[PDB]
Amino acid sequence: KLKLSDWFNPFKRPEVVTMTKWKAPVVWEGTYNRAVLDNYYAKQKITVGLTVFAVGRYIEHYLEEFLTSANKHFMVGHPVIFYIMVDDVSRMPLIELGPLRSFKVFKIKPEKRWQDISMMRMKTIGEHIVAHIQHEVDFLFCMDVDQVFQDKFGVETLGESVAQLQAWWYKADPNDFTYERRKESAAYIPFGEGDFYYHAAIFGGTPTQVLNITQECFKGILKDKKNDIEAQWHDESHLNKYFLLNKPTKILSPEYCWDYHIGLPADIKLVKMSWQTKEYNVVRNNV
């Protein structure tokens, strides 16, 4: 089987956090041996999935740029399947795909509140895992559409359960993190607890693990509805509670999901994905 030291050298990045207390790697540029891993996973003949949602004007603003960039940069050299969930298939951009990429598209119901569009992804992803994704892929990523791939996002990111460090908070102390802090919410994390602040824009794992992630988060979302409370950062609050309880087996550095509004500091050596500028006045239709 694969050993961590076969592909991961933390000493290449001595000035950042490269290992967690529960022995998961934090993958930074310089630490990974992609050649070793490409050879390993090609011998297993893996396929990698990617889900993305675009509901409303998120389709026109973001979906083409997301997919064009994913085609170029996501798991190059391996078969990939893009799963695209939209409310209006007639507005789908049908871009040309390259070798080892294919896709399929699903029509979904548009939830009335943007907060519920975001949170209902957890329910829909689990339904699709059970119905087909579990039979199609070895690993799955679930991503926001309001971002663009900038460089290779490869097999060094694969694992049983994979979390993303949020770009603005990776050096912060846990008591500064924007976790949900009301005990009445299923997402509550008390002061004095927490490892990292994870970004809900990227998470992944085997289909089995992603099913558990998404099912447990959606259970918390529904429980909160019954208690008349809505977590401060919606599905992200619940995801952070999940990963506190069920530690990820791999974490990605902020290089894998970077906000250029921060600037480009010394620690961010090669950006693999960048955030799109927010445009909520146009793309969201409720407060």
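Residue positions are given as counts along the sequence shown, with the first one as 1. We call the rigid core whatever largest set of C-alpha positions still superposes within 1.5 Å between the two forms.
Participant: Following superposition on the rigid core, is the mean squared CA displacement, expressed as RMS, greater for 91-99 or for 110-118 in 6 other deposited structures of this protein?
Facilitator: Greater root mean square C-alpha distance in 6 other deposited structures of this protein: 110-118.
Participant: Please tell me which region, 53-61 or 244-252, has C-alphas lying farther from the displayed form on average in 6 other deposited structures of this protein, with superposition done on the core.
Facilitator: Farther on average in 6 other deposited structures of this protein: 53-61.
Participant: Which is higher on mean Cα B factor in this entry, 33-41 or 240-248?
Facilitator: According to the PDB entry, the answer is 33-41.
Participant: Quick one: say whether 271-279 or 7-15 has the higher mean Cα B-factor in the deposited entry.
Facilitator: Of 7-15 and 271-279, the stretch with the higher C-alpha B-factor average is 7-15.
Participant: Based on the PDB record, which member of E127, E111, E136, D144 exhibits the highest Cα temperature factor?
Facilitator: Among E127, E111, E136, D144, the highest C-alpha B-factor in the entry belongs to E111.
Participant: Have a look at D235, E255, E65, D228 and flag the one whose Cα has the highest B-factor in the entry.
Facilitator: Result of the comparison over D235, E255, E65, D228: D228.
Participant: Place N212 in the lowest, middle or highest third of its chain's C-alpha B-factors, as listed in the PDB entry.
Facilitator: Middle third, going by the recorded CA B-factors of the chain.
Participant: Against its chain's modelled residues, does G77's Cα B factor rank lowest, middle or highest third?
Facilitator: For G77, the deposited C-alpha B-factor lands in the highest third.
Participant: Using the B-factor values recorded in the entry, state whether the Cα atom of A163 falls in the lowest, middle or highest third among the modelled residues of its chain.
Facilitator: Its C-alpha B-factor, which the entry lists for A163, ranks in the lowest third among residues of this chain.
Participant: Determine, from the deposited record, the chain-internal third of the Cα B-factor for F191: lowest, middle or highest.
Facilitator: Highest third of the chain for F191's C-alpha B-factor.
Participant: In terms of the CA temperature factor given in the entry, to which third of its chain does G204 belong: lowest, middle or highest?
Facilitator: Lowest third, going by the recorded CA B-factors of the chain.
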